[PDB]
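What follows is calculated from the coordinates using simple rules that are stated; it is not laboratory data. So basically every Cβ, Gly included, is an ideal-geometry build from the backbone, and we count neighbours across all protein chains shown.
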Amino acid sequence: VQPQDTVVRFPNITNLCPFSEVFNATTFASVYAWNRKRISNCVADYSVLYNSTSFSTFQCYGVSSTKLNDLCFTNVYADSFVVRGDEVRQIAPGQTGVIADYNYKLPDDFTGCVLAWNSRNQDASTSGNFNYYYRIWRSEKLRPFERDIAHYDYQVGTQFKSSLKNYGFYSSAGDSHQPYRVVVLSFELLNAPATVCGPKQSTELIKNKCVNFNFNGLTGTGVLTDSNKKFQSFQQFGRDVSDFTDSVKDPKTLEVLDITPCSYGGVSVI
Amino acid sequence: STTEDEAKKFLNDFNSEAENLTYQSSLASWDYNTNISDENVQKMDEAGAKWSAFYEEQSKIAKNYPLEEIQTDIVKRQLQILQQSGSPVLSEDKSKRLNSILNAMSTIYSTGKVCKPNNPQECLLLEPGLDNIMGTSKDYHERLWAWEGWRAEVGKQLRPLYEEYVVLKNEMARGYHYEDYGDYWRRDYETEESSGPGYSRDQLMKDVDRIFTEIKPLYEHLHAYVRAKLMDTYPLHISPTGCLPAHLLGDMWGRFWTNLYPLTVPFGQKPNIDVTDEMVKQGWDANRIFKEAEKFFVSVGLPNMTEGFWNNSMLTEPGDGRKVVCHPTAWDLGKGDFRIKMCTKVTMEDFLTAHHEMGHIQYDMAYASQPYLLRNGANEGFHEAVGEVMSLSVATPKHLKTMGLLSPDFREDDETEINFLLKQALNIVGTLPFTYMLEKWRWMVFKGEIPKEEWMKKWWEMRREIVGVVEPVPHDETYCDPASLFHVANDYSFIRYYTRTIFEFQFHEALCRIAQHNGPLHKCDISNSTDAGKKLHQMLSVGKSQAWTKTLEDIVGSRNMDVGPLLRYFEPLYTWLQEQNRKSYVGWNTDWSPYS
Ligand SMILES: *[C@@H]1O[C@H](CO)[C@@H](O[C@@H]2O[C@H](CO)[C@@H](O)[C@H](O)[C@H]2NC(C)=O)[C@H](O)[C@H]1NC(C)=O
């Protein structure tokens with residue numbers, strides 16, 4: 001039974017997400033004091049980004065870059081900082097090194113992508129821009145999303161040096177030593193009503209028919225029927241005894257719809 | 001915390017501040033060498049004083065971590081580099097005196113002049129008054145005047161200082177736990193292989209003597225051929241079965257016999273391979289020279305030059321009114337900044353110099369990943385050897401034929417090969433005995449085999465035996481003929497050129513075997529060979545992180561210095577020399593002298 005129609009539903013959100021205030025900020029923080037901005041209750045238009053060829057790195061794990069505009073998340077976290085050109089590589093799950101041990105970290109199940117671009121023309125001076133710092137050593141590697149903002153001193157041999165060190169960004173340095181602005185987006189999975197979604201428009205509901213449904217990112221094929229199940233305010237999807245999604249809550253009309261297979265029993269074609 | 005743990009923390013902090021101070025010192029040096037001014041020299045000195053003070057302070061602390069407790073070779077090699085130097089042992093009076101002795105020896109060499117017998121007011125400085133005479137003059141007595149005058153005014157003045165220099169230098173080396181100053185110089189080739197006994201400085205001496213014994217036949221035949229040509233040039237002054245006078249070697253000291261090519265040319269009718277006129281005709285400039293060098297390096301798979309290299313380098317002499325140092329130099333400032341400061345002109349010599357200097361930037365763009373301390377050629381020779389191999393690959397007539405610089409109608413017959421090989425021998429084979437003998441004399445002086453009462457006697461006996469060269473006039477212990485050379489008067493090692501030639505020809509043979517080149521070894525180009533480029537990049541990437549013996553085994557298949565590739569390169573020249581030396585005499589007598 002081929003789906004005869006497509007049903008796409010999104011919550012009634014009109015505000016555009018403030019991505020411009022992060023990617024175009026006048027000042028960026030250092031790695032040891034990376035700035036996190038919470039994004040919620042807005043429509044995420046990712047065409048402002050991918051279309052720009054400015055980004056040198058755009059690697060999303062757990063989600064597809066081309067399917068970002070079609071997904072919905074509870075919250076999106078925007079983290080921004082400045083590192084070296086040869087060090088942008090350490091911004092990835094499972095990676096170890098100076099960034100990923102004492103001043104930043106991404107978990108093994110990280111969902112989201114980092115965006116990095118060359119900022120020499122803004123953060124590199126002829127005499128050297130020494131307003132960006134990095135932390136060579138901390139006692140223990142850092143939990144993944146921990147921030148170390150303390151100014152403490154560490155011991156090398158018999159000399160007491162400072163944990164934080166100047167990056168030294170020059171305009172005559174190689175791309176491996178040039179400054180890079182890194183912005184990442186952390187996607188929180190659906191445990192509450194979706195607040196960040198794409199710019200797509202909600203479609204009309206079609207019941208009792210085999211159609212392709214897309215409820216806040218949940219894509220599948222089935223027949224939508226009225227459901228007697230009562231969902232909690234924080235519940236969006238229902239699962240049967242076999243851990244299969246059999247009921248979904250409509251984000252626009254706040255009603256519960258049962259999901260059934262389009263065919264029952266074995267079907268043979270002659 | 002293990003000693004290794006503390007060593008890693010110390011080395012990390014060291015690389016952080018070291019990259020910071022070095023880049024700034026390199027920036028100051030670049031500004032001064034590109035803009036000559038008292039203000040710039042002031043900045044350079046301040047940057048260098050800061051770097052030297054920091055390096056000394058860090059070297060003193062690095063001795064807190066014994067190399068034994070260290071397990072990782074990388075950390076152990078960094079700690080060895082820091083602990084070897086960075087802390088003088090001479091007393092304050094002795095340190096000041098040494099500095100004064102060194103500065104005086106440099107001043108005398110720079111201001112040294114030889115004034116004519118008839119006209120005391122007419123005088124000639126080494127550059128280029130005296131050097132032109134040795135390089136071009138063919139008047140036996142004029143070259144004798146220049147040679148003896150340079151010795152009398154320079155050696156005699158440096159004689160009392162050089163004696164004191166040896167006493168102070170040996171003392172500093174002993175404070176570094178070495179036998180003498182020569183032993184301290186040989187520490188570069190010392191390695192600690194984990195699979196068994198490695199390389200020692202005494203092994204370096206054994207290898208250089210054995211390699212000289214192996215080069216002696218080819219050098220003996222080249223010496224005989226040059227002696228016959230000089231008998232044609234200077235009659236009534238050369239003995240058919242004797243040594244060659246020192247002042248007739250085309251140079252103040254006869255380090256290179258290149259200037260004797262006009263007299264010793266095998267076939268004068270056949271010309272050279274100069275393409276300067278073709279370079280000028282096609283409107284070539286420095287930009288095209290360096291772009292063609294980049295095309296050559298990118299063909300074997302080496303990375304392209306960085307945009308900062310093209311935007312920050314001095315590839316031409318500035319015309320705005322800025323005085324510059326015109327000597328070619330490839331720069332590695334740090335932080336990925338690679339530049340070349342060179343007075344590029346439209347000539348074949350500048351083309352090959354551009355390839356050689358770009359060969360330096362290509363070895364530096366590989367070891368860059370290595371820590372700062374290990375960012376250096378495996379040994380003093382490996383680096384220069386890499387540049388020379390590049391120059392050899394690009395100078396082949398076939399390669400110039402591809403570029404359009406050489407006409408396709410040119411034919412490579414045997415006579416042209418003999419001329420090119422003889423010129424290469426005059427610049428390469430004619431230098432090995434001189435370098436080996438000079439370094440052996442310096443080693444024996446530092447150790448104590450030759451007392452000052454016998455410095456000139458042994459120097460002239462060793463020169464007659466090893467180099468086959470006799471002094472035109474008798475010299476007493478008031479002379480310091482070795483000190484008349486820049487390297488000896490300015491405290492520089494000299495065996496690096498010997499090892500550079502050996503390693504260069506070993507690399508050439510290895511990469512030519514990889515490039516599947518069939519034919520003479522001197523007609524080999526590694527262009528468009530990704531396998532040869534891959535093994536070369538593997539050789540350049542390690543830097544000083546591993547023993548140079550292993551690197552050599554990885555690239556050429558052998559871990560021992562070998563002159564076999566060098567002899568195979570000059571095999572046609574050796575055959576032609578043996579053909580020309582049937583009626584002549586091969587060898588020399590150490591009894592004949594021009595003044596007896
Ligand atoms: C590298 O050397 C430079 C030398 O100028 C250092 O730059 C200064 O850093 C201090 C650190 O607080 C600043 O207060 C100064 O204003 C900087 N100088 C200038 C001219 O801006 C730099 O700290 C050094 N970096 C490292 C790694 O030690």
Legend entry - Least to most buried among B:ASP332, B:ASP337 (fewest other Cβ within 10 Å first): B:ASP332, B:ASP337
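Hey, any idea what the orientation-averaged projected area of the convex hull of the stretch B:3-84's Cα atoms comes to, in nm²?
Numbers: hull surface 22.2 nm².
Mean orientational projected area (the stretch B:3-84, Cα hull): 5.5 nm².
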Inset, instruction - Would you kindly compute the Cα radius of gyration of the stretch A:134-242 and its largest Cα-Cα separation (Dmax), both in Å? - result: 26.0, 78
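List the equivalent ellipsoid semi-axes of the stretch B:277-412 in whole Å, largest first, each obtained as the square root of 5λ for an eigenvalue λ of the Cα gyration tensor.
Semi-axis lengths for the stretch B:277-412 are 26, 20, 13 Å.
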Inset, instruction - Calculate the tail of P(r) for the stretch B:92-143: the fraction of all Cα-Cα distances greater than 19 Å, expressed in %. - result: 46
Legend entry - Descending principal axes extents, the stretch A:1-96, alpha-carbon based, whole Å: 54, 29, 25
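Quick check: convex hull over the Cα atoms of the stretch A:1-45, volume per residue in Å³, rounded to an integer?
Values: hull volume 6.1 nm³, N = 45.
Residue-normalised Cα hull volume stands at 137 Å³.
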Inset, instruction - About the Cα centre of the stretch B:177-329, how large is the charge dipole given +1 on each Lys and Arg Cβ and -1 on each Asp and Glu Cβ? Please answer in debye to the nearest 20. - result: 580
Inset, instruction - For chain B, go through all pairs of different Cα atoms, get the mean of 1/r, take its inverse, and jot down that Kirkwood value in Å. - result: 26.1
Inset, instruction - If a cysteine in the protein assembly as shown has no other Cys Cβ under 4.7 Å from its own Cβ, put it on the list, ordered by number. - result: B:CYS243, B:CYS480
Inset, instruction - Would you work out which of A:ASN166, A:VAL83, A:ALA29 lies farthest towards the positive end of the dipole of the stretch A:14-187? Charges go on Cβ: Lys and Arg +1, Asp and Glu -1. - result: A:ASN166
Inset, instruction - Go through the stretch B:240-336 and name the trypsin sites (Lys or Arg not before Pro) that are in a DSSP coil and have 16 or fewer other Cβ atoms within 10 Å of their Cβ. - result: B:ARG322, B:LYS323
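Rounded, prolate or oblate for the stretch A:124-164? Axes are the square roots of the Cα gyration tensor eigenvalues, ordered a ≥ b ≥ c, and the cut-off for rounded is a/c under 1.5. Working shown, then result.
Working: a/c = 2.89, a/b = 1.30, b/c = 2.23.
Here the stretch A:124-164 falls in the oblate category.
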Inset, instruction - Based on other C-beta atoms within 10 Å, arrange B:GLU388, B:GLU449 from fewest to most. - result: B:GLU449, B:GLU388
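Is there a quick way to get the dipole size of the stretch B:3-84? I mean about its Cα centre, with the Cβ of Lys and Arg at +1 and of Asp and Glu at -1; what is the value in debye to the nearest 20?
160
How big is D, in µm² s⁻¹, for the stretch B:178-255 by Stokes-Einstein at 20 °C and 1.002 mPa s if Rh is the Kirkwood radius over C-alpha pairs? Each step should come with its number before you reach the end.
Values: Rh = 15.9 Å.
Here the translational diffusion coefficient equals 135 µm²/s.
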Legend entry - Fraction in percent of alpha-carbon pairs per bin - 20 Å, the protein assembly as shown: 12, 35, 29, 15, 7, 2, 0
Inset, instruction - Can you tell me the equivalent ellipsoid semi-axes for the stretch B:347-434? Use √(5λ) from the Cα gyration tensor, largest first, whole Å. - result: 30, 19, 9
Legend entry - Distance histogram for the stretch B:401-519 (every C-alpha pair counted, 10 angstrom bins, percent rounded to whole numbers): 11, 29, 27, 16, 13, 5, 0
Inset, instruction - Summarise the long-distance tail of P(r) for the stretch B:283-339 by giving the % of C-alpha pairs beyond 14 Å. - result: 64
Inset, instruction - Specify which residue in the list B:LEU352, B:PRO117, B:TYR261 is farthest towards the positive end of the charge dipole of chain B, using unit charges on the beta carbon of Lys, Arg (+1) and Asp, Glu (-1), about the Cα centre. - result: B:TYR261
Legend entry - Debye intensity ratio I(q)/I(0), log10, the stretch B:130-267, q values 0.10, 0.22 Å⁻¹ (C-alpha model): -0.57, -1.20
Inset, instruction - Could you work out the mean projected area of the convex hull around the alpha carbons of chain A, in square nanometres to one decimal? - result: 19.9
Inset, instruction - Report Rg (one decimal) and Dmax (nearest whole number) for the stretch B:237-315, counting Cα atoms only, units Å. - result: 20.9, 59
Legend entry - Footprinting exposure proxy for B:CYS123, A:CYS17, B:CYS480, A:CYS42 (fewest neighbouring C-beta atoms within 10 Å first): B:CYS123, A:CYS42, A:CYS17, B:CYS480
Legend entry - In the stretch A:190-270, chymotrypsin sites (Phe, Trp or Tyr not before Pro) in a DSSP loop with at most 10 other beta-carbon atoms within 10 Å: A:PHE234, A:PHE244, A:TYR264
Inset, instruction - Please give the calculated 222 nm ellipticity per residue for chain B, where each DSSP H segment of at least 4 residues contributes -39500 (n - 2.57) and the sum is spread over every residue; nearest 500 deg cm²/dmol? - result: -18000 deg cm²/dmol
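Assigning unit charges at the beta carbon (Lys, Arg +1; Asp, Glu -1) and nothing else, what dipole magnitude in debye, to the nearest 20, does chain B show about its Cα centre?
Details: 65 positive and 87 negative charges, 126 e Å.
Approximately 600 debye in magnitude.
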Inset, instruction - State log₁₀ I(q)/I(0) for the stretch A:199-270 at q = 0.12, 0.14, 0.18, 0.25 Å⁻¹ as given by the Debye formula over alpha-carbon point scatterers of equal weight, solvent excluded. - result: -0.35, -0.46, -0.72, -1.29
Inset, instruction - Using the charge dipole of the stretch B:401-551 (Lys, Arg: +1 at Cβ; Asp, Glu: -1 at Cβ; taken about the Cα centre), state which of B:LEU511, B:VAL488, B:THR402 has its Cα farthest towards the positive end. - result: B:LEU511
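FRET efficiency for B:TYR492 and A:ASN69, Cβ-Cβ distance as r, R0 = 51 Å, nearest 0.05? All intermediate terms of the calculation are to be shown ahead of the outcome.
Details: r = 66 Å, r/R0 = 1.30.
The calculated FRET efficiency here is 0.15.
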Legend entry - the stretch A:51-174 shape via C-alpha gyration tensor axes, a/c threshold 1.5: oblate
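Which shape class, rounded, prolate or oblate, goes with the stretch B:470-591 when its Cα gyration tensor gives a ≥ b ≥ c as root eigenvalues, a/c under 1.5 marks rounded, and past that a/b bigger than b/c marks prolate? Could you put the intermediate results ahead of the total?
Values: a/c = 3.19, a/b = 1.44, b/c = 2.22.
Verdict is oblate for the stretch B:470-591.
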